[PDB]
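Starting off, we have a lone chain in the form deposited in one PDB entry, written out as structure tokens.
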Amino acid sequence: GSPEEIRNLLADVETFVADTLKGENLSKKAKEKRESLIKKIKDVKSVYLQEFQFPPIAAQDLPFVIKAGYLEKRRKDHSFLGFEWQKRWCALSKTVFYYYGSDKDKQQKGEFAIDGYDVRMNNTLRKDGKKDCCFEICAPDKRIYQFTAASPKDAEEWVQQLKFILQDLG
């Protein structure tokens, strides 16, 4: 509605209905209703997506997918050794960046939490005509992920979205 405070409420609502009432000695009608409300609480979470725009998990079950798309991906330290870019379906699910073989896979090839990372355009990562499509996601532990996006715009949109999440959430 006018958001923070409402999400503050719904958080308390969820704590209540899901935990506080757990174990309680409730009518059959009240139990059935509690299960309902929990599901509805769950589904409503997706609504606050536009505002923002590790266990195995399928591509299609990722919750709160802020951005997803095909990118080429390559770690910096593989690049030095001459390893080819890999086509990956990348997803930013909440604060965690996931990568898969395609959007239908049942399990991720890898992921990482972006807290603390930096991101930027970087036109030097490739020698061909696709070099304008490139950005990198820097780890604190010095790990660096390089991407090529499908167009200069595709890349910029990724860097903007990721930069938004990295710094407007403190």
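Only residues modelled in both forms are compared. Note that residue numbering follows the sequence shown and begins at 1. We call the rigid core the largest set of C-alpha positions that still match within 1.5 Å between the two forms.
The same protein also has a form deposited in another entry, omitted here; what follows describes it.
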Core-aligned, is the CA shift for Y70 between the shown form and the other one 2 angstroms or more? no
For a quick test of reading the superposition: does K127 move by 2 Å or more at the CA between the shown form and the other one, rigid core aligned? no
C-alpha of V159 moved at least 2 Å between the shown form and the other one on rigid core: no
So the Cα-Cα distance between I114 and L9 shifts by 3 Å or more in the other form; is it shorter or longer than what we see here? closer
Looking only at residues in both forms, which consecutive runs of at least three have C-alphas displaced 2 Å or more between the shown form and the other one after fitting the rigid core? 1-53
